[PDB]
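Working notes, structure below.
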Amino acid sequence: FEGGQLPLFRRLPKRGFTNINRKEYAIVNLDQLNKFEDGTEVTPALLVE
Amino acid sequence: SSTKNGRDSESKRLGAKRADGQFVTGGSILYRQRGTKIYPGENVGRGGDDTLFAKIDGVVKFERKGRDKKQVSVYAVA
Amino acid sequence: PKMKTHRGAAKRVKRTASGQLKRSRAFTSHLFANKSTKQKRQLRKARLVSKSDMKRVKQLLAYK
RNA sequence: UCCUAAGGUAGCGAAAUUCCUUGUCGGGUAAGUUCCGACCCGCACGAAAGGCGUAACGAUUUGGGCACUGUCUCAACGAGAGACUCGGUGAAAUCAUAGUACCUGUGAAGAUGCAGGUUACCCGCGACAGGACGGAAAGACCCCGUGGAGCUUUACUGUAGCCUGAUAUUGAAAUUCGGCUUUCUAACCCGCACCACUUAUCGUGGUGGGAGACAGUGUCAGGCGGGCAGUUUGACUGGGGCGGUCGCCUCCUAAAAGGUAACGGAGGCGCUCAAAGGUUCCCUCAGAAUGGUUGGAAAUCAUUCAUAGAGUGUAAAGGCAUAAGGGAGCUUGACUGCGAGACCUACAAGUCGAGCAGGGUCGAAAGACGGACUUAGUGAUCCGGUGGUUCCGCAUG
RNA sequence: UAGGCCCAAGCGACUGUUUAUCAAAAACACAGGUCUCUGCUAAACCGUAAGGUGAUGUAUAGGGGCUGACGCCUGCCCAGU
RNA sequence: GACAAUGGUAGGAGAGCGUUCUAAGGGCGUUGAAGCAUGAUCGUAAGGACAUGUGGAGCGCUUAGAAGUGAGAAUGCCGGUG
RNA sequence: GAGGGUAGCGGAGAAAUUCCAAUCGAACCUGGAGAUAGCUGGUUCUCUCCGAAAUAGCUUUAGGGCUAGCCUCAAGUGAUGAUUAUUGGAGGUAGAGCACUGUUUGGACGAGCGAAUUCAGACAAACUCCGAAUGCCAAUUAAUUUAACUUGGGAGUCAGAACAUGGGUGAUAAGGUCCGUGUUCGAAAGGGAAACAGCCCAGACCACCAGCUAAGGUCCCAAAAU
RNA sequence: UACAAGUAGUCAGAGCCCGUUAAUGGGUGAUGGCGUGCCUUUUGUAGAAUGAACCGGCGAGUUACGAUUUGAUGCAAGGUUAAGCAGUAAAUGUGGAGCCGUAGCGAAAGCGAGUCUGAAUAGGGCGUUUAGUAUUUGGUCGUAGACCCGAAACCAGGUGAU
């Protein structure tokens, strides 16, 4: 409440929308792959455990 | 039993903005005015509404330009 | 119970990586014949919520 | 001589009505702002929210008399009940603590309590009522609250109720330039009659008569609807109303930076221009001590004085003859994508801007050009409309 | 123990009625007058259903508005609602 | 052992006193506990001891924990008495 | 007189907002219910350090609220703070003046001769050929000094008053009213002005039967020169 | 203590009567100097502005779920479980659905230490600064009556014509 003056959010306009088929991924940089053995096989099933 | 007056407009902040001998940048406003009461000098430009601004970096210099006329210039610091 | 989010405010700002909020501009719906070209061109750029308005609507966006 | 649907008739009239006003002139009194009788200059009488009269009635209003009287001049005495003195019994409002004087002054502007003076031995009883802004009731008048309640209406939005069509209940026959109307019994209706339940006519049933596809009833639709209901009806203001004012631009008050008030002193704006814009080259104004085809000295032409006293779309103030003022040629930069750095500033907004890339116009070329000499001509968002498009579109296309 | 009276005006005709507890009056009522609605399962009214009042009445009747005994009278306009 | 600081309302910051209950440890009481009354006592403040009379069965101390934790005003509520 | 009928979105009323169990412009009891109150009143132990505001902008806003400005507590970045001397600049007030725009006194000269000619003398917030004293912005210039700025936690304040001084308004009236600047009160005891928040001197950590001074004073009340 | 003008006290001080938690003692007070109660509300109150006759008792920022900031503590590119199950209503052991962090940018498709805008890394915006997480003491805010007391009124269901 601003005491009677129009609030900032009322003054500003809305923008954008949302997508129902939003796909997100779990990022893994090349820095977190320095612990496995040389030549090993890395698979998502292993990275999660 | 009434008044016919009571109107006025908002005050504009005219006048000089930087002092003589002061260091400024390339786009610093130096003088706001109506018309041309002070003329531009070396390395100075006149805006659309008669505003005077610099174009390089240096010291400000308010000097006289003829009988009853003034200018403003900017010189690079060495 | 948990605090409720201001749904009207969640449709007008976004949270940046440093904790700031990005907003839109005003005077952009209509009456473009009364504004200059430079005036309208520079209004398409976004801004951030000022440091004074954040003190008033901090808790309004505590879950965003 | 203007206007209107028509321009007040009889009667009455300084009145329960007359503001000026104690209108003026006659009665009543030694003296009459009242009273009675007449005059019409009726602010603002008037014929059924009737006009003008009227005998008898009135704990009705009004003026003048007779009689009478302590109402009064002007007070006196007497009787009884309280008061007052003893025995018995024995409350109440009020209350920060109190050993509680006056005068002039001072103070939040009217002092028992402060200053300087004056006066006053300690403690009772019967009386008076000036002051302790005395005591009984969170002042009813006045102003405030985006506080209540009752009432009103051609305030807003609704509603009981009433009126009118479509359709269901609901079937026949004929007239007729997917049909309003005469027409018939079988639905439906009858606080109509006679019978039975039953020596009660509330009700049911049966037989006659009346009416009849109407009425009544359900759903949908249109109109009327202070009858009833929920609510709104701004602020500033030398108290509040009434009057005026509310945003933006320029000047003065404003005290040589900027900023700065009053219901202080003066004006303007809610546009305009396709050339009144850009560019290149040229040019220069009012007023013109005199001459003239001699027209109430100033339209037009001619020569010298000419420190700008002219102009600059539109108010004012700062600017402009190195022109920003006038004219003549070609043009659309009144462009697209931006943008270091600054002014202003509570926020949202507002203002100036070098420079870089893509197109161009004018000029021989440097170079200028992102509207107009500068500062007013304008209004979030939410919702809806019209175009274009990289994008999303609920299992898939 | 038991009416003062009289000469003149305003208002309402009259007896009557009214703010329990600051107003008894010129206010209300009244007899009379006029307009208007209602042909009977009447209009109007309560419930707004059944059932009732009106009325065990039938226009010489019933409901509503305005005037207010009696006497003499009650003029002009229908553009608007 | 030296110089320098310390008036204060609305407010911000810091360190403390007292009251009831709980957990551990260590102690008083019929050779007289709590409460109450009186006094010429101690600390910078809120407060803490001691002696005497009354009283007749419970109550301190130390560290920590938890709160119905502090009264002169509200024309405040109840009781008593002017 | 006795026995009965009409009930609150309702009754009754020969009509007064009249009556419905001693207050009826809408009866009484219980419940929703701790309705709501931007308005009054109240709000309980002790010390230490620091210490305001009564302003601006917007407001169905004016005795309310919000951001900014002044206070306090922490974590940070380092002369970036303040005064003075000096050298520089921007800006037309006081005064003055009549060269522009006005207003206006007395003469002289014939174009119709006191204000678009000349010789003298005056006037102005919205006149200026001229123009201070101060104040303001600067120079990592010099000396003396102690701040300033950024981020975050918590606030209060939006009724101000008198005196001096520059102005408007009123009447060169008001303990009047509205702005600029400084001081005091507010939130400040002590001494002086007889008494007297705002005037003059001066800022109370505690104790003492010690000394020197300020304003103002020294015949008596009453400390100090008859 | 009966010649006296008093918010009743404080400082100075004879006389008279006493003798304690033992020390720079206790009670009374001739006379002199100074001094107009308390609270609330205000620019400003001895105020003739508000409140209290007196004494005692009672009588007003609390708690549960969320958010944020600071102190403490364990672990650390990781940190931590909720319901449930077994247990003394113990607070331990199990339980890894789930939540936060390690990577941003854009309305979105998407790309990625880069991304968006744009014809153009030309310029500019926000990021690459990048330590976190769980429990808990304190301060403040939000939803609940929300520091306490007090309305004129509104609606619902009932009781009344002695």
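Chains as they are written, first to last, in PDB author numbering: chain X, 50 to 98; chain I, 16 to 93; chain Q, 2 to 65. Think of the CB as a built atom: it goes at the ideal place given N, C-alpha and C, for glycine as much as any other residue.
Does residue i have its Cβ less than 8 angstroms from a Cβ in chain Q?
i	result
X/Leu57	yes
X/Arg71	no
X/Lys63	yes
Can you tell me whether DSSP reads residue i as helix, strand or coil?
i	result
Q/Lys52	helix
I/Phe68	strand
X/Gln54	strand
I/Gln86	strand
Between the Cα of residue i and the Cα atoms of the options, which residue gives the shortest distance?
i	options	result
X/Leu57	Q/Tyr64, Q/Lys59, Q/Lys3	Q/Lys59
I/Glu57	I/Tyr90, I/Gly21, I/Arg22	I/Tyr90
I/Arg79	I/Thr40, I/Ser88, I/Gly73	I/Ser88
Shorter than 8 angstroms from the beta carbon of residue i to some beta carbon of chain X?
i	result
Q/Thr29	yes
Q/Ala34	no
Q/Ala63	no
Q/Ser25	yes
query: Can we say the segment 32-47 of chain I touches the segment 83-95 of chain X, given the rule of at least three CB pairs closer than 8 angstroms?
result: The segment 32-47 of chain I vs the segment 83-95 of chain X: no contact.
> Is the segment 26-36 of chain Q touching the segment 56-63 of chain X, taking contact as three or more C-beta pairs under 8 angstroms?
Replying inline: Yes, the segment 26-36 of chain Q is in contact with the segment 56-63 of chain X.
Flag this pair as touching only if the segment 89-96 of chain X and the segment 18-31 of chain I have three or more C-beta atom pairs under 8 angstroms; answer yes or no.
In this structure the segment 89-96 of chain X does not touch the segment 18-31 of chain I; the number of beta carbon pairs closer than 8 angstroms is below three.
Q. Which whole runs of the beta strand (DSSP E) in the segment 13-41 of chain Q are 3 residues long or more, in chain order?
A. DSSP runs (the beta strand (DSSP E)) wholly in the segment 13-41 of chain Q: 22-24.
Beta strand (DSSP E) segments (min. 3 residues) lying fully within the segment 17-77 of chain I:
Qualifying beta strand (DSSP E) stretches, in chain order: 44-47, 59-61, 67-69.
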